[PDB]
Every structure is written in structure tokens, then in C-alpha cells.
Amino acid sequence: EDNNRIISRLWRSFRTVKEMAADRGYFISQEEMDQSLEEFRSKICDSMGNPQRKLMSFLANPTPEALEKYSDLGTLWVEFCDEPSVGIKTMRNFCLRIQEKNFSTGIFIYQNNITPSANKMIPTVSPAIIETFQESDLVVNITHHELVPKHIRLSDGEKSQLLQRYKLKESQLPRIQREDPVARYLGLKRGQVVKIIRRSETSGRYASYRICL
Amino acid sequence: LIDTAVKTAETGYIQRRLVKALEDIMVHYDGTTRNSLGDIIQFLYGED
Amino acid sequence: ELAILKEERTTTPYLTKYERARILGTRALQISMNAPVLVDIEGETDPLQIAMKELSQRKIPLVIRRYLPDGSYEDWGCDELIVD
Amino acid sequence: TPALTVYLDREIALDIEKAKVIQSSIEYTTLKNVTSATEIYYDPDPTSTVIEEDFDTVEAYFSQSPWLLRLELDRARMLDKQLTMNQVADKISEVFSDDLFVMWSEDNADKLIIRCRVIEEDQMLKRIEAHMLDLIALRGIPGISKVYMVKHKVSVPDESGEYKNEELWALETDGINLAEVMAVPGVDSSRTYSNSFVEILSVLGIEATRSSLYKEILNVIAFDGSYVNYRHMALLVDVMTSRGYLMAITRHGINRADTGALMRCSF
Amino acid sequence: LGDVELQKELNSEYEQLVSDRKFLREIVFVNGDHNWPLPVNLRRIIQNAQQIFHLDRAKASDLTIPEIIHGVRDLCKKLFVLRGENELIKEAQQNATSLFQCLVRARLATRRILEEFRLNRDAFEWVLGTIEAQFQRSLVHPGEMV
């Protein structure tokens, strides 16, 4: 019924989030991304079938390979909003929980919206960095659509060498909006450089660089 | 007749706009395609 | 600084059409205004023809200075450039 | 020309009936379509009605302000969209809870009538009637006027390694809603494409926007039968989106570039 | 007949072709269209070589398979596009000539050469030199206001 489709959507979103966390460099248990739908139902859906959002938050940590490749990839916290709507109090307490738990990166997921006032104080938790993603926006993973190619972030050494190669300035490169949906998905930040390899009908494998704004 | 008469001017305008847009892009020695400022649009013209 | 040493030159060694045309015109002008000729003239009184022949023999004393996008340049000799 | 090309599931792409079901699901038929008539009868008695069209039916179903909002429906539309009237009553219930009592006739009755009773009010009844005719959505993603059961042919590799044609069903639509449709069950969410590259930028990021733009330009030019070297159109698109946002080719986008003044002035 | 040191070279090259077919067929061209613009036509060079040396009849080839595969492998690394020793330069060089190298291998396979073309040693040398020079002239020059 309506509840069933709602749970299916929630599970798909959870899968999307887990895969996202995996891609950025943070380890997860393998079966977890393999988590089936009905075990999700039992794990989260109530006796009546209603979900338990607080029962969804969890933690992840950098894989050692990514951890050594990217120096700053610190502990990631994830969490789902219980309230169908978001207010200042919710974001205040969430920021306090992030700060006390001391997570360099945190992610918030709502259902309807975020009051603009709350959005205003979002960047006010530095150096801890926070982000939000609507649930519906995460139903289907975009990086798995046909047209979208695969973005790859660079290390400081990699990007520095690249710029040394062409004898360039950081502004001189093509630019990708930090609010670009893929940029959000990869948690892009200012100054980073993501390399995109593209299916080129004249050389097959064209490697394209970009910088973020 | 009317269709031809209308179409000619519009095509001319569009061609003018395009030519003005790309007028500065050229191919340097490094093999990268940059406009005047130095922005790089293609690292290897046409990807080949 | 803006120059780059001949050991590490990276630009193509073939002579591009534009370089061909510019060198030909420059030399033919110089030739046509009392500049010395580095090869023989038999019947081709046309300074442009003299320049074409002289290039064909790789006997033209001109150095291309190519400018890199950044601003650095490198020096190729018309002698060394592989003329197709 | 807003249009979507929706790829169905491999099973459903070869399945005509499930294609029909999926299309019917996506199609955004609202209660306005199904409604046939709307008449305001003043029923002073809440316990019964003075109208023979449903007097027997409402009386048999039985066992506040008296203004009654009575509307008729067209049997053909409900049966063709496969949704029954009781579902219409239920949907009215969720949208408006209990401010209007929904008394519903039976399909065996010639006129399918849903009754609404209000809980200067004469104009308010007509205002409710108007807001009802419009702001209730029964089924389908918003923004989809119609959908087409387009058939498709595609080259498919075969067991031996050859490429063999394979007829596959598909859905084409008028109306663009990219983000919402991919989450509709029964549809391949990794391939679906829209003709409005603006929504491509909005949803599937920039690179997808580049590819969709190029495909659209190529289709436009090549429809007649012409052909252009790919590198040129590639250069055009990759300049169009070098900065990361659609640098629409006009005075605005070109001049909004931070290049030399002498350049943008001349244009 | 029955040798192995040749069988290993042949196996390596055949695996290279298998990988190339998988890559192209599954990444580049999804539908199956195998007609595309590419630089330096080959069929013409092949038949020019045929004519230049009168390569009809069933005269036996005097060309060793190892020489053929050695030249082919060497050729694929000689198609200069960017000249410089940075790693990134070399990776770009590899990326550029990907489909052109795929075409070259698709044509100059040992079976193809020995049977359909029956080239000799000098004929093969001329083919390789011709492909090299023709590609090298087929570059976009600096300064083109593309």
C-alpha cells in the first residue's frame, strides 16, 4: 500500500546514502549495501510498518587507502530527521550533537524542507562541515544514470602536478558549480579538482578536468 | 516565397551571434584550446 | 626564464603551415629588398620562388620563437624544423 | 515541445500489459477529467434528499448546514482510467478529511454521484466546488498531460556476438518532470532522458547536460539528412558550458563573461 | 607448426584484440555502428602497397611473425601527439590514439597480413612508414582559430 511504497522509497534512499558514503572514501560493511528490503523492513519499520528514522543514523570511517590518499578525510556522521519539517531548534541540537561527538563531517536528511533561518546558520559550525539532502532527491543515484560519467577527486599532489603540467592558474580551468548535484553527492569543496573521463567518439577515453566553485 | 524571405534573415542573425561568441578561441602549441584569457575549453582539440 | 632550454624543448618539430607562410613572406621580402641569397638562382627571378627554393634546401637563417600560453617561449631553428 | 522518453523495465519493455499499467499509473489524470456535472441542490433535510436521481441510493446507503454540493461523473472516463468511483470518494476524503461528507452511489446506478455537504455560505459552496474541480490529483506524476505507448527498435548483441534487432515498448510523454519520474516504479531510472537540457542541468548535473545538449543539436541538424563533423559541435557545446552553467548565446551570457571590454562591447 | 614461443606472441596479441573488442563494443559504441571518421585511411595504403610490389599470385610470404608483431607493437607507441616526458603527457598520448590504435590493430593482424595481403618484408616496412608519416601530417596545427 502507501506505506509499502513509502518504505521502499526510504530503503532506496538509504541505499543511495550508503553508496554515496562508500564512494567518498568511507568504509561500510559489504552486506550492508547488500541489505535486503525485508530485513530493512524488520530492522526499521514498526509493528504497524511505520519507520523509525532515529533508528537509521549511523557512522562510517575513512578507508585506509583513501585515508592516506586524502589527508583530511575524517569521521563522517549521518542522520535522518525525525520531524517531517525542520526548525531552528532541530538544527541547533543537531549541530551541538555533531560538535560534542566531534565529527569533522556530518550529513542531515529532511523530508519536506529547511526553514531559511536554519539554513542561514548552517555554515556556522566550522571547522566541522555540515550538509543537507532532501530525501526525494536521493531516491535514485544520479551517478548511475546513463549520461552521467564518473567523477574522480584528486589529491593535493595530483592537482598540483596537473596544474604544473599545463603551467596554469586555478581559475583558468573549467568550473563546476559547488551546488552541482554531483558536486553535492561527492561533497565537493572550493578549490578541489575532479577529473572526469568521458566516452569520446574520436578517442574513446577523453579525460576532462574541472575545478569547483 | 514568404517562408524563404523570413528564414534568410534569421539564419544570418544566428550565424552572426555564433561567430561573435567563439571568435577568440584558438589552438595554442600545448595542444589545449583556450580563449583569450587563458581558460582551457578542450585540453586536446576535439579530443583527438 | 621565459626561454626554455633546447634539451627540454617540447613543441612539435614539424613546420606548421603558418610558420611556412610567415617565413616565406619574410624571407622573400628581405630577399626582394637587397638581402643576401643563401642558395643559387638560375631562372627563378621571383623573390618568392627564391625563398621557396632556399627553404627546400634548408638554408634559411631564421629562428622561430613560439610563445607558450603562459608567456614562456622556446627557440626553434628553421634549420632543425622538419619541413614536410 | 516538452517531451520525455521513458525507458521501461526489460521485462515490461517486452510486456505490453505491464507497459499499459505503468503508463496508466504515470498519467496525471485529475478529478477534473472524470467529473461530468456539478449542481448545487439545497437539501434542507440532512437525513434525506428531495431529488430522485439518488434518493433511493442515498436512502439505502443511510440504513449541519443544509447546502449540498452534488457532482456527476462520466462512467467512460473512470472505466478507461481503470479507477473506480469509490477511490474518488476516498481520495476526496484524504485531501479534505471531513469538511465535506462524501456520500457515494453505486456503479450499477446510471449516474455515479458523489455528494458533499458543508460542515453567507452560498458563494462558499461554489468556491469549494471550484477548488475541488482543480486542486485534487488522483494518479500520475504532476505535469504530465499525456503519455504515449511508443514502440522502439534497438540493436542488441546476440549469443553468437552478432547484433540483432529487438522490438521494445516505451513511454513518451508531453510535459517535463525529470526528478519525480525516475522514482516511479516500473521505469529504468538509469537511462530516462528528457528533451529540456535545463532539467538535465537541474537534476543530472552538468556533464549529463553537456551530452544532452550535444545530442539535441545533432538531432536538430541531422533530421533533414545533413551531417557535420562532430568536433565542431563538440567545441560549441564545450564552450557553451565551460564555466559550469548554461552560457546562453546572447548579449547577456557573452557580455556577462569577464573577458576584455573591447570584446563584449562590439557584439 | 606446433611451436610455442610463437604461440605465446600470438596469444598475447589475440588477447589484446579481445580486450579491445570488449572495450569498444561495451563502452564506445553501444548500438553497434562500426562506421566512423578516423584519421589516415588504411585500405588505401594497403592496396597502394599491393600495387607498388605486385602482390598478387600465391607467392609465399618471407616475413616472420615476430617481426610483424614487433613492428605493430612498436608503432602503437610512436604516434606522437604531445611531446614530453611528464607522466600526464604520456597518459594523454595514450588516451588520444586509443581508437586509432584500435583501428590499426583491427587491420594489421598477422592472419590478415599473411593471407589477405600477403605483403613481403619491405612492403610491410613501407606500410608502417607510410602510416607513421601520414598520421603525423594529419594533425591540427597551432594557431588554427578553430
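Procedures and definitions
- Residues numbered from 1 in each chain as written, not as in the entry; some residues may be left out.
- Chains lettered and ligands numbered in written order.
- Part of a larger assembly, values for the part shown.
- Heavy atoms only, no water.
- Contact = heavy atoms within 4.5 Å.
- Buried area = accessible area lost by both parts, 1.4 Å probe.
- Salt bridge = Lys/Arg side-chain N within 4 Å of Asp/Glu carboxyl O.
- Pairing = 2+ DSSP bridges.
- Helix = DSSP H or I, 4+ residues; strand = E, 2+ residues; numbered from the N terminus.
- Axes fitted to C-alpha atoms, helices over the stretch in contact; angles between N-to-C directions.
- Buried < 20%, exposed > 50% of the residue type's maximum accessible area, 1.4 Å probe, protein only.
- Polar contact = N/O pair within 3.5 Å; in protein donor to acceptor, adjacent residues only side chain to side chain.

- Its PDB header attributes the entry to cryo-EM and lists the resolution as 4.1 Å.

- The PDB entry lists chain D under the name DNA-directed RNA polymerase subunit, with Komagataella phaffii as the source organism.
- Recorded in the entry header as its title is "RNA polymerase II elongation complex bound with Elf1 and Spt4/5, stalled at SHL(-4) of the nucleosome".

- Looking up chain B in the PDB entry gives the name DNA-directed RNA polymerase subunit, with the organism given as Komagataella phaffii.

### Some points on the interface of chain A and chain D
Argument step 1. Listed as interface residues are 23 residues of chain A and, on the opposing side, 25 residues of chain D.
Argument step 2. Carbon and sulfur atoms supply 53% of the area that chain A and chain D bury against each other, a total of about 2000 Å² over both sides.
Argument step 3. Counting the contacts that link chain A with chain D gives 4 salt bridges.
Argument step 4. Note that D:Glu207 is salt-bridged to A:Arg210, the shortest N-O span being 2.6 Å.

### Regarding the sheet that holds strand β3 (residues 40–42) of chain B
Argument step 1. The strand order β1-β2-β3 (chain B) describes an open sheet built from 3 strands, whose pairing is antiparallel. Every interior strand has two partners, whereas the edge strands, β1 (26–27) and β3 of chain B, have only one.
Argument step 2. Bridge analysis of strand β2 (residues 33–34) of chain B against β3(B) gives 2 bridges, and the strand direction is antiparallel. Across the sheet, B:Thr33 pairs through a bridge with B:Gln42, a residue of β3(B).
Argument step 3. Helix α10 (residues 230–240) of chain D contacts β2 and β3 of chain B of the sheet and is inclined by roughly 145 degrees relative to β3(B).

### Quick word on the pattern of salt bridges
Argument step 1. The full count for this structure, using the stated rule, is 48 salt bridges over all chains.
Argument step 2. Residue D:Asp43 is joined to D:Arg117 by a salt bridge in which the shortest nitrogen-to-oxygen separation is 2.5 Å.
Argument step 3. Exposure remark for D:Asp43: the relative accessible area of 1% places this residue in the buried category.
Argument step 4. A salt bridge links D:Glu53 to D:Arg70, with the nearest nitrogen and oxygen atoms 2.5 Å apart.
Argument step 5. For D:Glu53, a relative accessible area of 34% puts it in the partly exposed group.
Argument step 6. Sharing partners across several salt bridges, the network here consists of A:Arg198, A:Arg210, B:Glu47, D:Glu207, D:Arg210 and D:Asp238.

### Considerations on the sheet that holds strand β6 (residues 150–153) of chain A
Residues and elements named next belong to chain A.
Argument step 1. Strand order in the open sheet made by the 4 strands is β6-β8-β9-β7, with mixed pairing throughout. The sheet terminates laterally at β6 and β7 (175–176), the two strands that pair on one side only.
Argument step 2. The pairing of strand β8 (residues 193–200) with strand β9 (residues 204–212) spans 8 bridges and is classified as antiparallel. Bridge pairing in β9 links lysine 195 to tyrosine 209.

### Side note on the arrangement of the chains
Argument step 1. The chain pair with the greatest number of contacts, out of 9 pairs of chains in contact, is formed by chains A and D.
Argument step 2. Here chain C and chain D are not in contact; the least distance found between their C-alpha atoms is 16 Å.

### Description of the side chain of E:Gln136
Argument step 1. For E:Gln136, the position within the fold is in helix α7 (residues 121–137).
Argument step 2. Classification of E:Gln136 by relative accessible area gives buried; the value is 7%.
Argument step 3. Within the local environment of E:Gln136, its side chain forms a polar contact with the backbone oxygen of E:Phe80, the two atoms lying 2.8 Å apart.
Argument step 4. For E:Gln136, the residues in contact, after removing those within four places along its chain, are C:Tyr14, E:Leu79, E:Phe80 and E:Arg83.

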